[PDB]
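# as a preliminary step, the opening chains of the complex are given here in situ:
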Amino acid sequence: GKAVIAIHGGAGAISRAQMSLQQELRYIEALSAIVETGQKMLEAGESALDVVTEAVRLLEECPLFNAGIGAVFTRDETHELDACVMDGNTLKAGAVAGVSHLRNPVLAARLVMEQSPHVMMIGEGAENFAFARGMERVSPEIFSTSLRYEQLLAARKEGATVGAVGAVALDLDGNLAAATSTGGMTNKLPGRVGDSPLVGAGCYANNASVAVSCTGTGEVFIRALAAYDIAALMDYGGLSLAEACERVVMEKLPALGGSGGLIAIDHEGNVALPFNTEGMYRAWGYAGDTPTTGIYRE
């Protein structure tokens, strides 16, 4: 009712013309079940950090979304997963990139925050650190789905001829947190890293300003520091969350050649879900209220 959660399952050319209602409902129902889990945790007095971690863990678990189970395939038919989490109370943050044997990247990220002096770990060393703290080793086949494999095959075909998930929360104690997780991009060059695991690019939170989670053209979200730039425009520029969101997602990012969106909640409990794309899988709801879910523009 000031406490609030927003989530996303990625932005993109998701085309209304090519979907059925029954297909859309699978996404709507997953979104709804997850935002409600977050709502229920918020209403029960769980921390913003626990809320966004659980939300993103469930988005990972869900094969419909490009993170954890259901991750897109790289060029080499492998999966490389990245995630970030940030606690706006302490301003601490943890992130992992390029991991393949961890079932839940957002939990590894959180482990990096809480059980290390560090913010970011990568690759096998990240995995090794996580295993030593008792996180399970998984076979990388575990994330693999036929739906995404065919999208790899279709992208290869296109090439011969011619996004992330996230959560942001404001809890009952006035804490902001954000978390972002991704399976990558279809046909990705192995070892490439986007905005998702990068503090200030794909994920950012600060009690004094805003919590932000992004999904989009990774390279533009990095170069523009999209998540922090929301914080800075509000903080130093004096812009409202709405103005900050218009400036970044509707003007700046597309000027740089970037497409996607983000979700944002400010310390006053304003929430915004801008995207410049056709669709962004998204949901939000205040604690003690009915959630709203969406796919397309309005």
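Perfect, I can see it now. Numbers count the residues shown, from 1 in each chain, chains lettered A, B, ... in the order given.
# list the contacts for residue A:256?
A:220, A:223-224 (Cβ atoms under 8 Å, 6 or more residues apart in numbering). From N, CA and C alone the C-beta is placed, and that goes for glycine too.
# columns neighbour count and secondary structure on top of those, output as a markdown table?
As requested, those are arranged in a markdown table below (neighbours: other Cβ atoms under 10 Å; DSSP: H, G, I helix; E, B strand; the rest coil):
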| residue | neighbour count | secondary structure |
| --- | --- | --- |
| A:220 | 21 | helix |
| A:223 | 15 | helix |
| A:224 | 19 | coil |
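# for these, give me CSV that also has distance to residue A:255.
Conversion of the contacts of residue A:256 to CSV gives the following (distance: Cβ to Cβ, whole Å):
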residue, distance to residue A:255
A:220, 9
A:223, 12
A:224, 9
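# and stretch A:199-208, end to end?
16 Å (Cα to Cα, to the nearest Å).
# which positions within stretch A:234-241 qualify as buried?
A:234, A:239, A:241 (16 or more other Cβ atoms under 10 Å).
# looks to me like residue A:96 is in a helix.
No - with DSSP: H, G, I helix; E, B strand; the rest coil as the criterion, residue A:96 is located in strand rather than a helix.
# need the contact list for the nearest residue to residue A:258 once chain neighbours are set aside.
Counting by Cβ to Cβ, 6 or more residues apart in numbering, residue A:258 lies nearest to residue A:220, which is 2.7 Å off, once chain neighbours are set aside. With contact taken as Cβ under 8 Å, 6+ apart, residue A:220 is in contact with A:226, A:253, A:256-258.
# before we move on, the earlier item: relative to residue A:171, which of the contacts of residue A:256 is nearest.
Distance to residue A:171, by Cβ to Cβ, is smallest for residue A:224 among these, at 28.5 Å.
# what sits against the closest one?
Residue A:224 touches A:248, A:252-253, A:256, A:258, counting by Cβ under 8 Å, 6+ apart.
# now do the contacts for residue A:14.
Here residue A:14 is in contact with A:277-279, A:281, A:295-296 (Cβ under 8 Å, 6+ apart).
# mark which of those are buried, thanks.
So, by 16+ other Cβ under 10 Å, the buried ones in the contacts of residue A:14 are A:277-279, A:281, A:295.
# throw chain B on there as well:
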Amino acid sequence: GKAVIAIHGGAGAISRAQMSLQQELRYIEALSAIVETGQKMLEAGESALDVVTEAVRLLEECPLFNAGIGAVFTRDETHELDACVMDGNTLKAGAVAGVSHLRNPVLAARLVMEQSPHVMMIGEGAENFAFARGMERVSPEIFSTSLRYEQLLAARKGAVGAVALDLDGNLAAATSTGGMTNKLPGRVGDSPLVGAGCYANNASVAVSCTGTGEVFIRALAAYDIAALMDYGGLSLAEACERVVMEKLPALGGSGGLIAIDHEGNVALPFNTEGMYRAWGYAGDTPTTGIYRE
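Placing chain B onto the earlier chains gives this:
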């Protein structure tokens, strides 16, 4: 049209009492040579991008500094190297992290920038990318020094960077590191992260950072300087003051940064005992520094 360069070789616990004057002179000569190389380039009308790339290349080559040759050792006696470069005319950026078989990380980062659609590459994928563009594979033992190895043995009980404003009015920045003595393998500090260890924008400022990596990331120090100026309207001096002297210590962070704004203002703030640093205007005599004055 004041072209200027600044460089650094790390901030930290530089204490008079552990250093000899001969050691200190070597640093002063190294700093002086590289800044002068950079200065001449700028006088000759070279791009800010080429200048900071060359400056950081020289610091990587120089075994005195923790970047490229003379990199610190991880916990596993390996070398993991990270670098970033950013062009303020375009906002394009290249970065590598966790590389072991590339001699000049700053050059791999530059290759990422110019010869891929990407900003950041990590590990063996970053190395394969670079090898396929014709960059040479080295044995990882070529960065090894006994100065650094003995420091690993002892521990069992910062970065380099450059910023420049060129004669065309362009800003660029680059940073490179060997990381940390006894580092947990896989850890990544601010150096390769756009906006944390490295940032450049013709509209505002070029920044290279060095210090407690984690804090520089959490506070987004490099970009925060630009943001404070661009949105807050702070002078380069005010911004450097807020970030380095106030916000970073508030978060438990130590280190410093080098910065040049679009008007030619140069700043080299740090909150540690020392920062290896140097700067100089085009057509002018360089200045170097280790401690404070």
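# again for the contacts of residue A:224, since chain B is there now?
A:248, A:252-253, A:256, A:258, B:91 (Cβ atoms under 8 Å, 6 or more residues apart in numbering or on different chains).
# tell me what the longest helix that chain A contains is packed against?
If you go by DSSP state H, chain A has its longest helix at helix A:21-43. In terms of contacts (3 or more Cβ pairs under 8 Å, 6 or more residues apart in numbering or on different chains; DSSP states H and E), helix A:21-43 is packed against strand A:4-12, helix A:48-61, strand A:165-170, strand A:279-286, strand A:292-296.
# angle of the fourth one against strand A:292-296?
Just to be clear, that refers to strand A:279-286. Here strand A:279-286 points in a direction 170 degrees away from that of strand A:292-296 (axes from the mean of the first three to the mean of the last three Cα atoms, to 10 degrees).
# kindly report the same for the second one.
Between helix A:48-61 and strand A:292-296, the angle formed by their directions is 50 degrees, by the same axes, to 10 degrees.
# follow-up on the earlier one: centre of the chain to the longest helix of chain A, how far?
15 Å (Cα atoms, centre = their mean, to the nearest Å).
# so which bits of it are buried?
A:27-28, A:30-32, A:34-39, A:41-42 (16 or more other Cβ atoms under 10 Å in any protein chain shown).
# next: stretch A:160-169.
A:163-169.
# can you check stretch A:76-87 too?
Here stretch A:76-87 shows A:78-87 as buried, counting by 16+ other Cβ under 10 Å.
# which ones among the residues you listed map onto helices?
Of those, none are assigned to helices by DSSP H.
# strands - which of these land there?
A:81-87 (DSSP state E).
# does chain B have contacts with stretch A:261-272?
No - counting by Cβ under 8 Å from any Cβ of the partner chain, chain B is not contacted by stretch A:261-272; separation bottoms out at 15.9 Å.
# distance from the chain centre to that stretch, please.
That offset, for stretch A:261-272, works out to 14 Å (Cα atoms, centre = their mean).
# again, but for stretch A:8-25
18 Å.
# sorry, back to before: identify whichever of the helices and strands packed on helix A:21-43 lies nearest to chain B.
In terms of Cβ to the nearest Cβ, the element of these nearest to chain B is helix A:48-61, at 14.6 Å.
# what's the burial count for the closest residue to residue A:177 other than its chain neighbours?
Leaving aside its sequence neighbours, residue A:177 sits nearest to residue A:48 (Cβ to Cβ, 6 or more residues apart in numbering or on different chains; 3.7 Å). By the criterion of other Cβ atoms under 10 Å in any protein chain shown, residue A:48 has 33 neighbours.
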